[PDB]
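In PDB author numbering, the protein residues as written are 1 to 330.
Written as structure tokens, this is what we have:
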């Protein structure tokens, strides 16, 4: 079996992507943020504190004939941006683009932090990292991908994110028409629960490629590309007036600049991020300072190949016994 669903940017900056997901019987369609950097499928629900819900569509397990309380199970998760959520757990039928998993753990939010409440278009998250990161206690739960895996034609999912445009998440197959050239596969470490891999280097604009190992995670749930301070300073040094601002929380550049491209290595292959993908617009409306799409990973503890990088490629998340990541130009 296979699944295919369209993913759409939530705003004019590609701050996040939402993908419709059907939950329960009759179906309740929620728009979830597919996140390869977490492993919990959680939703805004009829149990979420009324003052913490602002425009979101909620999951009502009492209206689903297939919902069952996962008795005693609770979840509690904190994300790198400081946001958090917690609640109880149900099992229900979950379908993504025609691919159905019965008995999927659906983590109902009892509490969400302000960052979740204010994103009216995001009804929850669908975790696609390894199930070892799942926060369900005392019985740890499997992701939608993990649960679907045996039924899939191929144990894979692919992320084809668009730049200011919709894209696609495919499950169980590789669409050979969605990319050009070949897909370069690279080793994955599952030791921290992430799609953690090693980039072979980088180039800034038309500059020469520097062969250097950069460990990092392929994370659809992170908007920007976070890399070591050395790499990020070398990129922003090519943009006149660009500087790192402590008041803004990162690198900004004059909105009048035309940004150079950024190339990252995947084995002997190269993925080119056009300069336009690195422009996140004015820091505040009307501002002449624009926010950079490439930021330092210094305060995080891990390098993150977020949407800025992933949207420049057709990306394969190979969940076979020995997991690998595939990258192709598109």
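Note that the Cβ used here is the ideal one computed from N, Cα and C, for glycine as well.
Item: Out of 185, 280 and 158, point me to the one whose CA is closest to residue 177's CA.; Value: 158
Item: Which residue marks the beginning of the beta strand (DSSP E) containing residue 235, and which one marks its end?; Value: Run containing residue 235: none in the beta strand (DSSP E); it sits in the alpha helix (DSSP H), 229 to 236.
Item: Assuming residue 31 is part of the beta strand (DSSP E), what are its boundary residues?; Value: 28 to 35
Item: Can you check whether the CB of residue 127 is closer than 8 Å to the CB of residue 108?; Value: no
Item: Should residue 43 and residue 59 be called a contact, given that it needs their Cβ atoms to be closer than 8 Å?; Value: yes
Item: Buried or exposed: which applies to residue 216, given that a residue is buried once 16 or more other Cβ atoms fall within 10 Å of its Cβ?; Value: buried
Item: Who does residue 155 pair with in a DSSP beta bridge?; Value: Answer by DSSP bridge pairing: none, since residue 155 is not bridged.
Item: Taking its Cβ as the centre, do 16 or more other Cβ atoms sit within 10 Å of residue 155, making it buried, or is it exposed?; Value: buried
Item: Excluding the 5 residues preceding and the 5 following residue 80 in the sequence, name in chain order all residues of the same chain whose CB lies nearer than 7 Å to its CB.; Value: 300
Item: To the nearest angstrom, how far is it from the Cα of residue 41 to the Cα of residue 144?; Value: 8 Å
Item: Under 8 Å, do residue 271 and residue 327 count as touching if we go by C-beta distance?; Value: yes
Item: Note the first and the last residue of the continuous alpha helix (DSSP H) segment covering residue 253.; Value: It is not in any alpha helix (DSSP H) - residue 253 instead sits in the beta strand (DSSP E) that spans 250 to 254.
Item: Pull the bridge partners of residue 210 from the DSSP assignment, please.; Value: 202
Item: Would the C-beta of residue 27 count as close to the ligand NAD, meaning under 7 Å from any of its heavy atoms?; Value: As presented, the structure is devoid of all ligands, the ligand NAD included, so that no description of it is given.
Item: Could you tell me the alpha carbon to alpha carbon distance between residue 30 and residue 146, rounded to whole angstroms?; Value: 20 Å
Item: On the CB-based measure, 16 or more other CB atoms within 10 Å of its CB, does residue 166 come out buried or exposed?; Value: exposed
Item: Anyone know if the C-beta pair for residue 48 and residue 106 falls short of 8 Å?; Value: no
Item: For residue 64, is the classification buried or exposed, using 16 other Cβ atoms within 10 angstroms of its Cβ as the cut-off for buried?; Value: buried
Item: Among 254, 203, 23 and 95, whose alpha-carbon lies nearest the alpha-carbon of residue 239?; Value: 254
Item: Beta-carbon separation of residue 314 and residue 92 under 8 Å?; Value: no
Item: Which partner residues of residue 87 appear in the DSSP bridge assignment?; Value: 75 and 109
Item: Report back the beta-carbon spacing between residue 121 and residue 53 to the nearest angstrom; my notes put them in contact at under 8 Å.; Value: That belief does not hold up - the Cβ atoms of residue 121 and residue 53 are roughly 13 Å apart, past 8 Å.
Item: Could you say which of 274, 6 and 25 lies nearest to residue 206 if we only look at CA atoms?; Value: 274
Item: For residue 295, write down the residues that DSSP places opposite it in a beta bridge.; Value: 226
Item: Please identify the residue among 4, 2, 8 and 302 whose C-alpha is closest to the C-alpha of residue 198.; Value: 302
Item: Helix, strand or coil, according to DSSP, for residue 278 in the structure here?; Value: helix
Item: Pick from 119, 222 and 76: whose alpha carbon is nearest that of residue 297?; Value: 222
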